[PDB]
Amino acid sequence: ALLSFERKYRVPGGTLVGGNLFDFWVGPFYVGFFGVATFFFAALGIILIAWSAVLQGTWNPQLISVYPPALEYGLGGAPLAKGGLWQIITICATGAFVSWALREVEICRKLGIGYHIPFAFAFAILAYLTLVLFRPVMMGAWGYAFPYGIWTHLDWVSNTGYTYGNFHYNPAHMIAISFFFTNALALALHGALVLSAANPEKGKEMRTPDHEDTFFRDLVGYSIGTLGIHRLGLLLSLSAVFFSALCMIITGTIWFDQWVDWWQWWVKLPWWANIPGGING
């Protein structure tokens, strides 16, 4: 039940709601009040998916799929089987995620550490909410949302992106994707740096941050350093998700033509629109 250095931190307090009432652990798990919110929202939503799975005929997770209300239904409710199960499961989903964050705030308080983790989680929650609530509402229908199925939601990704030709041309999607890629680069580098110091050459003694700094400067003329790289991971990550949401909040709402076409604002400028030669003259 406890890690060897753990008892000393298991003290009363930090809760957000409930005072000492749900303030206890089950095995290694802290139980918020929000631990109780999350279990209720998550068990209700799982129950409704298992439900939905019979109304639809299957028990196989590669087939189970829950679709939003069709476009026809606009923003209204929609019978249980014709999209309303999805409406209620989405309400469970948000309930469960926002609880999880709030539970994380409580764990933060008991531990005397900062709020960075749940703040970060929040950008994921916002991305989801962009796909299933903000974008559908700006567009008129729950049916623009994606559905809950392992393979059917990629159906939705293909269909949605291919409505604007090659999605690659969505310029916020480009910045988003750069953030993702650079993030994986920082992750490879940070991991391998720290390990290469803790696990040096062999028989050899443990290296130091001065080594990690040194190796970097040797390789690229720079080193952001140990506080730096953690700030950077965070920034790269969160920036990726922020531009992920931005690229989708704007697609179908303020821009709804073929993304390749947006680029013509550049190529069509007064100063060079009509000069000849090159690809566009």
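Numbers follow the displayed sequence, beginning with 1.
Legend: mean Cα B-factor per stretch from the PDB entry, 98-106 versus 74-82; the higher mean is in 74-82.
The PDB entry reports B-factors from which the mean C-alpha value can be compared for 219-227 and 44-52; the larger average falls on 44-52. Residues shown: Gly112, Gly143, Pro171, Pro118. Highest C-alpha temperature factor in the entry: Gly143. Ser237: CA B factor lies in the lowest third for its chain, per the PDB record.
Per-chain ranking of the deposited C-alpha B factor places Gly161 in the lowest third.
Per-chain ranking of the deposited C-alpha B factor places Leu126 in the middle third. The PDB entry assigns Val31 a C-alpha temperature factor belonging to the lowest third of its chain's modelled residues. Annotation for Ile279: CA B-factor lies in the highest third of the chain's modelled residues.
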